[PDB]
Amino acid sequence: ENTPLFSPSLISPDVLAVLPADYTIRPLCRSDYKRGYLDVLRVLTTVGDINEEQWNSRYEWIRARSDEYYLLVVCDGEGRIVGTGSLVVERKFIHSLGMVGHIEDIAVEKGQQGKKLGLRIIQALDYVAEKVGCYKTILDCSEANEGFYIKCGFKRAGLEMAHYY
């Protein structure tokens, strides 16, 4: 299936305009399993082993929530996935039933790093978040990659704390 996860109208036109020639940013679709999506996530952390039937199940759970999960991909000239980025919109009671944008799982293929593809992904995810009416966008990072997020216009706002099971 080639049906976008969410509306292509949510993709930043200004970002599309300034990508390198023949590169694009678009919503995830189900067939992206075959276009090297999970490969790109291997630069981020352990993906483990995921067959197409498991893919299709998780894809459908997410599609049943395309009003929360905004997953998009960067594609090169040859339609290969070279970049990934997620926004998850949390609904709150606070801030007059406000909404918070959470940026997750930003990855660019090693051979493709250092070309602004990460920046375009963040600019696209910030465009989605503003447009669906989030009051702020937040994310968690390491010391080692804080400087990328500063170059994207993010500011330090507190501490991530964790409990492992």
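Residue positions are given as counts along the sequence shown, with the first one as 1. Basically, rigid core = biggest C-alpha set you can superpose within 1.5 Å across the two forms.
After superposing on the rigid core, the larger RMS C-alpha deviation in 4 other deposited structures of this protein belongs to 43-51, the other candidate being whichever of 43-51 and 113-121 remains. In this crystal structure, the stretch out of 39-47 and 117-125 whose C-alpha atoms carry the higher mean B factor is 39-47. Higher mean CA B-factor, judged across 99-107 and 48-56 from the recorded values: 48-56. In the PDB entry, a CA B factor belonging to the middle third of its chain's modelled residues is recorded for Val132. Sorting the modelled residues of the chain by their CA temperature factor places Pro20 in the highest third.
Ranked by C-alpha B-factor against the other modelled residues of its chain, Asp67 falls in the highest third.
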